[PDB]
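*Asks:* So I've got this file, data35.cif, and it contains mmCIF, C-alpha atoms and all ligand atoms:
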data_query
loop_
_atom_site.label_atom_id
_atom_site.label_comp_id
_atom_site.auth_asym_id
_atom_site.auth_seq_id
_atom_site.Cartn_x
_atom_site.Cartn_y
_atom_site.Cartn_z
CA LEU A 42 71.64 113.92 98.48
CA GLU A 43 74.96 112.74 100.03
CA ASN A 44 77.63 110.28 98.89
CA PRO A 45 78.98 108.05 101.69
CA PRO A 46 82.68 108.25 102.51
CA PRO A 47 84.81 106.15 100.16
CA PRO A 48 86.03 102.70 101.12
CA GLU A 49 88.94 102.65 103.60
CA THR A 50 92.34 102.83 101.85
CA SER A 51 94.72 103.72 104.80
CA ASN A 52 95.09 102.00 108.20
CA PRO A 53 98.56 102.21 109.77
CA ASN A 54 97.73 99.45 112.26
CA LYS A 55 96.53 96.91 109.63
CA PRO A 56 98.41 93.65 109.12
CA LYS A 57 100.57 94.24 106.01
CA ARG A 58 103.04 92.46 103.78
CA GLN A 59 104.51 92.93 100.23
CA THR A 60 104.24 89.90 97.85
CA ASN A 61 104.78 88.82 94.25
CA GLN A 62 101.04 88.25 93.60
CA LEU A 63 100.11 91.73 94.92
CA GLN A 64 102.92 93.27 92.80
CA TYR A 65 101.46 91.53 89.71
CA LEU A 66 97.97 92.80 90.58
CA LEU A 67 99.25 96.42 90.52
CA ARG A 68 101.87 96.27 87.71
CA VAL A 69 99.95 93.99 85.30
CA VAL A 70 96.26 93.73 86.27
CA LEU A 71 95.36 97.23 87.48
CA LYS A 72 97.76 98.86 84.96
CA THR A 73 96.11 96.95 82.02
CA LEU A 74 92.55 97.95 83.03
CA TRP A 75 93.43 101.51 84.01
CA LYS A 76 94.75 102.56 80.57
CA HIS A 77 91.68 101.13 78.71
CA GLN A 78 89.37 103.63 76.94
CA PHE A 79 86.42 102.26 79.01
CA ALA A 80 88.21 102.68 82.41
CA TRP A 81 87.10 106.23 83.28
CA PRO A 82 83.69 105.50 84.91
CA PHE A 83 85.48 102.94 87.14
CA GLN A 84 88.49 105.10 88.17
CA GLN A 85 86.70 106.81 91.10
CA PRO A 86 83.79 105.93 93.36
CA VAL A 87 80.30 106.21 91.85
CA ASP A 88 79.21 109.81 92.48
CA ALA A 89 75.49 109.34 93.13
CA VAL A 90 74.98 113.10 93.69
CA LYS A 91 76.45 113.86 90.24
CA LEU A 92 74.42 111.08 88.54
CA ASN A 93 71.14 111.75 90.45
CA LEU A 94 71.02 108.15 91.77
CA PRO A 95 69.49 108.50 95.24
CA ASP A 96 69.09 104.69 95.55
CA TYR A 97 72.65 103.63 94.57
CA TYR A 98 74.10 103.77 98.10
CA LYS A 99 70.88 102.35 99.57
CA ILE A 100 71.02 99.20 97.47
CA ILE A 101 74.78 98.64 96.97
CA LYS A 102 76.29 97.34 100.26
CA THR A 103 79.94 97.24 99.27
CA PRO A 104 80.80 99.91 96.70
CA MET A 105 84.15 99.47 94.97
CA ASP A 106 86.06 101.15 92.16
CA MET A 107 89.52 100.97 90.61
CA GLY A 108 90.67 104.23 92.21
CA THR A 109 90.11 102.58 95.60
CA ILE A 110 91.76 99.31 94.47
CA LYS A 111 94.79 101.30 93.15
CA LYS A 112 95.12 103.13 96.54
CA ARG A 113 94.63 99.79 98.43
CA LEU A 114 97.50 98.19 96.42
CA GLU A 115 99.66 101.34 96.87
CA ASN A 116 99.03 101.33 100.67
CA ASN A 117 99.51 97.49 101.08
CA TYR A 118 95.91 97.24 102.37
CA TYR A 119 95.50 93.69 100.91
CA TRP A 120 97.12 90.76 102.71
CA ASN A 121 96.62 88.46 99.74
CA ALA A 122 95.53 88.26 96.11
CA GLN A 123 92.07 86.88 96.96
CA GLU A 124 91.18 90.11 98.78
CA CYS A 125 92.17 92.30 95.83
CA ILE A 126 90.51 89.96 93.27
CA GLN A 127 87.37 90.12 95.41
CA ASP A 128 87.38 93.89 95.20
CA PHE A 129 87.59 93.77 91.39
CA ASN A 130 84.73 91.20 91.32
CA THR A 131 82.64 93.36 93.66
CA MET A 132 83.19 96.32 91.36
CA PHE A 133 81.97 94.34 88.33
CA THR A 134 79.05 92.64 90.06
CA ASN A 135 77.80 95.94 91.57
CA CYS A 136 77.69 97.30 88.04
CA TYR A 137 75.82 94.27 86.64
CA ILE A 138 73.31 94.22 89.53
CA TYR A 139 72.54 97.97 89.48
CA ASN A 140 72.27 98.36 85.67
CA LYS A 141 70.54 96.38 82.87
CA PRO A 142 72.09 94.00 80.35
CA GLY A 143 73.36 95.83 77.25
CA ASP A 144 73.46 99.26 78.99
CA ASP A 145 76.57 101.22 77.95
CA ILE A 146 78.09 101.06 81.48
CA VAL A 147 77.57 97.24 81.46
CA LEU A 148 79.25 96.87 78.07
CA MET A 149 82.18 98.87 79.47
CA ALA A 150 82.37 96.69 82.60
CA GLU A 151 82.21 93.53 80.50
CA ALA A 152 85.17 94.66 78.34
CA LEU A 153 87.22 95.42 81.48
CA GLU A 154 86.21 92.15 83.11
CA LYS A 155 87.34 90.14 80.03
CA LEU A 156 90.80 91.69 80.32
CA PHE A 157 90.79 91.12 84.11
CA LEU A 158 89.92 87.41 83.74
CA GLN A 159 92.71 86.93 81.20
CA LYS A 160 95.35 88.60 83.43
CA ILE A 161 94.40 86.78 86.65
CA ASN A 162 94.34 83.41 84.78
CA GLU A 163 98.14 83.90 84.84
CA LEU A 164 98.47 85.14 88.41
CA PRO A 165 101.91 83.85 89.43
CA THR A 166 102.21 81.14 92.10
CA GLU A 167 102.79 82.70 95.51
CA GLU A 168 106.54 82.97 96.31
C1 LIG B 201 84.12 108.25 87.81
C2 LIG B 201 82.90 107.79 88.60
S1 LIG B 201 81.56 108.95 88.40
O1 LIG B 201 80.44 108.44 89.15
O2 LIG B 201 82.04 110.25 88.70
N1 LIG B 201 81.18 108.97 86.84
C3 LIG B 201 80.28 108.11 86.22
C4 LIG B 201 80.06 106.80 86.71
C5 LIG B 201 79.11 105.98 86.10
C6 LIG B 201 78.80 104.64 86.67
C7 LIG B 201 77.49 104.33 86.92
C8 LIG B 201 77.13 103.10 87.45
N2 LIG B 201 75.81 102.72 87.67
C9 LIG B 201 74.79 103.67 87.90
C10 LIG B 201 78.04 102.20 87.73
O3 LIG B 201 77.72 101.05 88.14
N3 LIG B 201 79.35 102.53 87.53
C11 LIG B 201 80.36 101.58 87.92
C12 LIG B 201 79.75 103.78 87.00
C13 LIG B 201 78.37 106.43 85.01
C14 LIG B 201 78.58 107.71 84.54
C15 LIG B 201 79.52 108.58 85.12
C16 LIG B 201 79.49 109.80 84.36
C17 LIG B 201 78.55 109.64 83.42
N4 LIG B 201 77.97 108.40 83.49
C18 LIG B 201 76.99 107.82 82.55
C19 LIG B 201 76.24 108.94 81.78
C20 LIG B 201 75.90 107.02 83.30
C21 LIG B 201 75.70 105.68 83.06
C22 LIG B 201 74.69 105.01 83.76
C23 LIG B 201 73.95 105.71 84.67
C24 LIG B 201 74.23 107.02 84.89
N5 LIG B 201 75.18 107.70 84.19
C25 LIG B 201 77.67 106.90 81.52
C26 LIG B 201 76.89 106.46 80.46
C27 LIG B 201 77.46 105.75 79.48
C28 LIG B 201 78.78 105.43 79.50
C29 LIG B 201 79.52 105.88 80.59
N6 LIG B 201 78.99 106.62 81.57
#
Would you mind writing the structure in this file as structure tokens?
Ligand SMILES: CCS(=O)(=O)Nc1cc(-c2cc(NC)c(=O)n(C)c2)cc2c1ccn2C(C)(c1ccccn1)c1ccccn1

*Replies:*
Amino acid sequence: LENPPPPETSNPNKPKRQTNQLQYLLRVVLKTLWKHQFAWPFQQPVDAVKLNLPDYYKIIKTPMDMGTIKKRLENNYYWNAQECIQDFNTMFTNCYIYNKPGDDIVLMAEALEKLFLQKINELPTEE
């Protein structure tokens, strides 16, 4: 069994800018989730070889994880907040689609998502 390559995190030719909303997403949002005791399964791509999940990367179209989101924010991959918020939502929804309600990994995702929703409720207005 193989894992696919991770999501793209570096592209020197991409359109890029640095903005207050993206700074908040790294310094407040990602930082808050990252230090949480339930973060660790989300801090790197799902390793389907390690977990013996030969279907994961046949049924999940757009894998995402916080290690990738952290690198994307660090490399100014995201033009705007909506793109980064979408990556966090993809990460959560992948987890909820692949797993069953009340599974440990789902409880962990739900705790992280509650903190996420609270922090992006106060996403600053774009300057
Ligand atoms: C750092 C990325 S890793 O891959 O190296 N490590 C892990 C990622 C995910 C995991 C699985 C998902 N679904 C299958 C998923 O959706 N996510 C987001 C993460 C789950 C992982 C691990 C390492 C161990 N587990 C288990 C044992 C687990 C849960 C469900 C299915 C298979 N194994 C686990 C159980 C309970 C609590 C936490 N962890």

*Asks:* Sort by chain and increasing residue number a table of all residues of segment 96-157 of chain A within 7 Å of segment 47-64 of chain A, each with its closest pair of atoms and their distance in Å to one decimal, counting all atoms listed in the file, and write it as a Markdown table.

*Replies:*
| residue | atom | partner | partner_atom | distance |
| --- | --- | --- | --- | --- |
| A:109 | CA | A:50 | CA | 6.6 |
| A:112 | CA | A:50 | CA | 6.0 |
| A:113 | CA | A:50 | CA | 5.1 |
| A:116 | CA | A:51 | CA | 6.4 |
| A:117 | CA | A:57 | CA | 6.0 |
| A:118 | CA | A:57 | CA | 6.6 |
| A:120 | CA | A:57 | CA | 5.9 |
| A:121 | CA | A:63 | CA | 6.8 |
| A:122 | CA | A:63 | CA | 5.9 |

*Asks:* List as a ChimeraX atom specification the protein and nucleic acid residues lying within 9 Å of ligand LIG 201 (chain B), with all atoms listed in the file counted.

*Replies:* /A:79-94,97,104-106,108,132-140,144-150

*Asks:* With distances taken over all atoms listed in the file, which residue among A:152, A:158, A:110, A:164 lies nearest residue 71 of chain A?

*Replies:*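 Ranked by minimum distance to residue 71 of chain A, first place goes to A:110.
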
*Asks:* How far is it from atom CA of residue 155 of chain A to atom CA of residue 142 of chain A, in Å with one decimal?

*Replies:*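 Separation between atom CA of residue 155 of chain A and atom CA of residue 142 of chain A: 15.7 Å.
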
*Asks:* Using the atoms already present, construct N, CA, C and O atoms for segment 50-64 of chain A and hand them back as a PDB file, keeping the file's coordinate frame.

*Replies:*
ATOM      1  N   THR A  50      91.128 103.115 102.636  1.00  0.00           N
ATOM      2  CA  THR A  50      92.340 102.830 101.850  1.00  0.00           C
ATOM      3  C   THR A  50      93.606 102.902 102.719  1.00  0.00           C
ATOM      4  O   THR A  50      94.636 102.439 102.195  1.00  0.00           O
ATOM      5  N   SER A  51      93.543 103.490 103.910  1.00  0.00           N
ATOM      6  CA  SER A  51      94.720 103.720 104.800  1.00  0.00           C
ATOM      7  C   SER A  51      94.347 103.226 106.192  1.00  0.00           C
ATOM      8  O   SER A  51      93.254 103.512 106.711  1.00  0.00           O
ATOM      9  N   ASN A  52      95.206 102.408 106.792  1.00  0.00           N
ATOM     10  CA  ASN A  52      95.090 102.000 108.200  1.00  0.00           C
ATOM     11  C   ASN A  52      96.474 101.592 108.637  1.00  0.00           C
ATOM     12  O   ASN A  52      96.954 100.495 108.326  1.00  0.00           O
ATOM     13  N   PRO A  53      97.210 102.507 109.315  1.00  0.00           N
ATOM     14  CA  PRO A  53      98.560 102.210 109.770  1.00  0.00           C
ATOM     15  C   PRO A  53      98.706 100.964 110.637  1.00  0.00           C
ATOM     16  O   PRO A  53      99.817 100.440 110.723  1.00  0.00           O
ATOM     17  N   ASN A  54      97.663 100.584 111.331  1.00  0.00           N
ATOM     18  CA  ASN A  54      97.730  99.450 112.260  1.00  0.00           C
ATOM     19  C   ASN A  54      97.378  98.145 111.580  1.00  0.00           C
ATOM     20  O   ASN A  54      97.413  97.135 112.269  1.00  0.00           O
ATOM     21  N   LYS A  55      96.969  98.157 110.304  1.00  0.00           N
ATOM     22  CA  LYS A  55      96.530  96.910 109.630  1.00  0.00           C
ATOM     23  C   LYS A  55      97.691  95.927 109.577  1.00  0.00           C
ATOM     24  O   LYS A  55      98.814  96.281 109.298  1.00  0.00           O
ATOM     25  N   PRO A  56      97.408  94.603 109.590  1.00  0.00           N
ATOM     26  CA  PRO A  56      98.410  93.650 109.120  1.00  0.00           C
ATOM     27  C   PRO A  56      98.777  93.934 107.675  1.00  0.00           C
ATOM     28  O   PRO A  56      97.901  94.188 106.880  1.00  0.00           O
ATOM     29  N   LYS A  57     100.061  93.906 107.356  1.00  0.00           N
ATOM     30  CA  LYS A  57     100.570  94.240 106.010  1.00  0.00           C
ATOM     31  C   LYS A  57     101.791  93.460 105.641  1.00  0.00           C
ATOM     32  O   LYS A  57     102.623  93.113 106.497  1.00  0.00           O
ATOM     33  N   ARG A  58     101.860  93.073 104.381  1.00  0.00           N
ATOM     34  CA  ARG A  58     103.040  92.460 103.780  1.00  0.00           C
ATOM     35  C   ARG A  58     103.108  92.804 102.291  1.00  0.00           C
ATOM     36  O   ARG A  58     102.111  93.183 101.672  1.00  0.00           O
ATOM     37  N   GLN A  59     104.286  92.661 101.683  1.00  0.00           N
ATOM     38  CA  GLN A  59     104.510  92.930 100.230  1.00  0.00           C
ATOM     39  C   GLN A  59     104.849  91.596  99.584  1.00  0.00           C
ATOM     40  O   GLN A  59     105.748  90.948 100.104  1.00  0.00           O
ATOM     41  N   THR A  60     104.174  91.251  98.485  1.00  0.00           N
ATOM     42  CA  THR A  60     104.240  89.900  97.850  1.00  0.00           C
ATOM     43  C   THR A  60     104.179  89.952  96.329  1.00  0.00           C
ATOM     44  O   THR A  60     103.732  90.969  95.728  1.00  0.00           O
ATOM     45  N   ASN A  61     104.663  88.876  95.712  1.00  0.00           N
ATOM     46  CA  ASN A  61     104.780  88.820  94.250  1.00  0.00           C
ATOM     47  C   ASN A  61     103.384  88.890  93.629  1.00  0.00           C
ATOM     48  O   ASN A  61     103.253  89.460  92.565  1.00  0.00           O
ATOM     49  N   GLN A  62     102.388  88.242  94.206  1.00  0.00           N
ATOM     50  CA  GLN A  62     101.040  88.250  93.600  1.00  0.00           C
ATOM     51  C   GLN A  62     100.461  89.676  93.670  1.00  0.00           C
ATOM     52  O   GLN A  62      99.824  90.106  92.691  1.00  0.00           O
ATOM     53  N   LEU A  63     100.665  90.355  94.773  1.00  0.00           N
ATOM     54  CA  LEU A  63     100.110  91.730  94.920  1.00  0.00           C
ATOM     55  C   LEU A  63     100.855  92.652  93.951  1.00  0.00           C
ATOM     56  O   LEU A  63     100.281  93.589  93.409  1.00  0.00           O
ATOM     57  N   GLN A  64     102.163  92.440  93.778  1.00  0.00           N
ATOM     58  CA  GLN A  64     102.920  93.270  92.800  1.00  0.00           C
ATOM     59  C   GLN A  64     102.355  93.047  91.392  1.00  0.00           C
ATOM     60  O   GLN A  64     102.188  94.029  90.689  1.00  0.00           O
TER      61      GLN A  64
END
